[PDB]
Amino acid sequence: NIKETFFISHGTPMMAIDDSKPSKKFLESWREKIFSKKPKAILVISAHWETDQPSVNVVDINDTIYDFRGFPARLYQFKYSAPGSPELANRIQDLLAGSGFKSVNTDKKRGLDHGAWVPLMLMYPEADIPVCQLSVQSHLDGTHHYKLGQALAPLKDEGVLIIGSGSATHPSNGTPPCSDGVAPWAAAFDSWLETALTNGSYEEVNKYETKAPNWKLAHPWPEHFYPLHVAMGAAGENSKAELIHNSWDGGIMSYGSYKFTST
Ligand SMILES: [Fe+3]
C-alpha cells in the first residue's frame, strides 16, 4: 500500500507558531505536496521519548504532552487529540519480538510528546488518523535502530506511515551560533549524511561514530539522530533516499528531512 518512510525534523515547539521557519510551511504542505495518500495509521519514532527497551504507546486517545519549559503560553493551549491504535501497538510488539527484541514494553497511559504532535498538527491537522509512538533507546547504538526499522518494515503494506522525528543536526544547547552563514562543521556533517543516504550507504550511517565528520558537535547525544536510522531500516535495504527539506536555525541546527522509497 505505502512504499515510503520519512525522517523529519521536529525542530523546537516554536515551529507550531513561528512562521519565520521554512520548516513550518514545509510541514503544512505535507498532504498536498509531500505525501498525498491517506495512511491507515501513523507510527512516529520520536526523539523526545527515550527508554531502555523498545516501548509502544497503547491508548485509545493520545494525551497532548507539553514536554517543554519556557515557551509562550499559547503553546500549552494546544490539543492534538488523535486516536491511538492498540491494534497497531500489538502489531508492533509482535513484529519487534519476531526479530529478536525479547523485552519490549508498553505504556498504557502516555500520549504524544511534542516531537510527534507538533509536526503532526501541521501535516495532519484534523487529528483523526491514529497515531502510535515508538521510543528510541539512546544508550544503545545506530545499528540497533536500523534493525528496529527493518523489523517494522512490514507495517507499510498495512497502511502505516512510519515517521522518525528528530533533527538532522541537534547541537548542544551550548554550541555557539553562526551569525550569517551555516556553521562549517554542520555543513560538513549534512553533506556527509546526504552523500551517504542518497547512495544507500546505510551501513555508514549506522557507523556515524566512526565515519561522519563532526558528529560530536552535531549529535552529542544520539537521540535526535536515531529516528533517521529507524526510518532507514523500515524502508528496506535498497530503498532510495531523497532529501526533501533543509533549513537552519542558529546556523547549526539542521532541519533536513529525507524520504525513503522502497523498491
Ligand atoms: Fe527536540
# chains A, B, ... in the order shown; residues from 1 in each chain; ligands from 1
call {"tool": "select_by_dssp", "arguments": {"residues": "range 101-170 of chain A", "states": "helix (DSSP H, G or I)", "output": "VMD selection string"}}
result
chain A and resid 114 to 123 142 to 158
call {"tool": "residues_near_ligand", "arguments": {"ligand": "ligand 1", "cutoff": "7 Å", "atoms": "only C-alpha atoms and all ligand atoms", "output": "list in words"}}
result
residues 10, 11, 12, 47, 48, 115, 166, 167 and 224 of chain A
call {"tool": "write_last_selection", "arguments": {"atoms": "C-alpha atoms", "output": "compact mmCIF listing (two decimals), in the first residue's frame"}}
result
# COMPACT_ATOMS: atom_id res chain seq x y z
CA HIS A 10 10.59 18.18 14.87
CA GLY A 11 12.56 21.44 15.27
CA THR A 12 11.53 23.15 18.50
CA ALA A 47 13.38 11.55 19.84
CA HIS A 48 11.57 13.06 22.82
CA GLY A 115 8.20 15.52 18.95
CA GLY A 166 14.42 14.19 15.29
CA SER A 167 16.78 16.84 13.97
CA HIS A 224 17.67 13.08 17.83
call {"tool": "residues_around", "arguments": {"residues": "range 37-42 of chain A", "least_positions_apart": "4", "cutoff": "8 Å", "atoms": "only C-alpha atoms", "output": "PyMOL selection string"}}
result
chain A and resi 2+31+85+88+129-132+158-163
call {"tool": "residues_around", "arguments": {"residues": "range 238-254 of chain A", "least_positions_apart": "5", "cutoff": "7 Å", "atoms": "only C-alpha atoms", "output": "list in words"}}
result
residues 22, 23, 167, 168, 169, 170, 171, 177, 178, 181, 182, 183, 186, 197, 198, 200, 259, 260, 261, 262 and 263 of chain A
call {"tool": "residues_around", "arguments": {"residues": "residue 111 in chain A", "least_positions_apart": "6", "cutoff": "6 Å", "atoms": "only C-alpha atoms", "output": "PyMOL selection string"}}
result
chain A and resi 62-64
call {"tool": "write_last_selection", "arguments": {"atoms": "N, CA, C and O atoms", "output": "PDB file, in the first residue's frame"}}
result
ATOM      1  N   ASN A  62      -4.703   9.899  22.377  1.00  0.00           N
ATOM      2  CA  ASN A  62      -3.415  10.365  22.834  1.00  0.00           C
ATOM      3  C   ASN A  62      -3.612  11.663  23.597  1.00  0.00           C
ATOM      4  O   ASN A  62      -4.254  12.597  23.106  1.00  0.00           O
ATOM      5  N   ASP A  63      -3.066  11.704  24.802  1.00  0.00           N
ATOM      6  CA  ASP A  63      -2.977  12.958  25.514  1.00  0.00           C
ATOM      7  C   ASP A  63      -1.931  13.803  24.822  1.00  0.00           C
ATOM      8  O   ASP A  63      -0.996  13.283  24.218  1.00  0.00           O
ATOM      9  N   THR A  64      -2.086  15.112  24.894  1.00  0.00           N
ATOM     10  CA  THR A  64      -1.138  16.018  24.260  1.00  0.00           C
ATOM     11  C   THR A  64      -0.161  16.491  25.336  1.00  0.00           C
ATOM     12  O   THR A  64      -0.501  17.342  26.163  1.00  0.00           O
TER      13      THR A  64
END
